[PDB]
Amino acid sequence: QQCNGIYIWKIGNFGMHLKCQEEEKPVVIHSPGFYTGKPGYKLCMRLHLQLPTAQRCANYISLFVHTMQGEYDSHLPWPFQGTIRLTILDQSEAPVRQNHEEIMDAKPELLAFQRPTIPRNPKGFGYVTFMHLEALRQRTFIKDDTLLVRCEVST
């Protein structure tokens, strides 16, 4: 049996978010808090649609992971060590599909991987330039006005 916890983050009303970005309105959305297992760590993701004029990350989708205080925290090791696979799923036709993803190794020396003293860790870990918005028109990443972001954690 597999051991990794996998969360599927459904971001709906995406067309609206894209419209805002195109009108130079900031877009930053947090995923609901989710667990990597039972017992497991509690995390949430933070996704940005950077402004079209954003210096150093114009028109880019940014994606980060943040640790949160979870109910199983007393039974887990700290700081967190392991890998986190972030994927924006291709919802294209039956034939071969090509998702957009990155895999990151946790850096135990960073505060992002410690348990926060408040519900959501201020410090997160991720990619400022995860995927360019232009990539969204290259494949069917948006389906039924929804974007699918997959987060797989391996301890």
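Numbers for residues come from their place in the sequence shown, where the first is 1. We call the rigid core the largest set of C-alpha positions that still match within 1.5 Å between the two forms.
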Core superposition done, the stretch whose Cα atoms deviate more in 5 other deposited structures of this protein, picking from 29-37 and 91-99, is 91-99
In 5 other deposited structures of this protein, with the rigid core superposed, the stretch whose C-alphas stray more from the shown form, 125-133 or 52-60, is 52-60
Comparing mean C-alpha B factor in the record for 106-114 and 56-64, the higher one is 106-114
Per the PDB entry, mean CA B-factor is higher for 92-100 or 66-74, namely for 92-100
Binned into thirds over the chain's modelled residues, the C-alpha B-factor of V153 lands in the middle
In terms of its chain's C-alpha B-factors, the third that includes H132 is the lowest
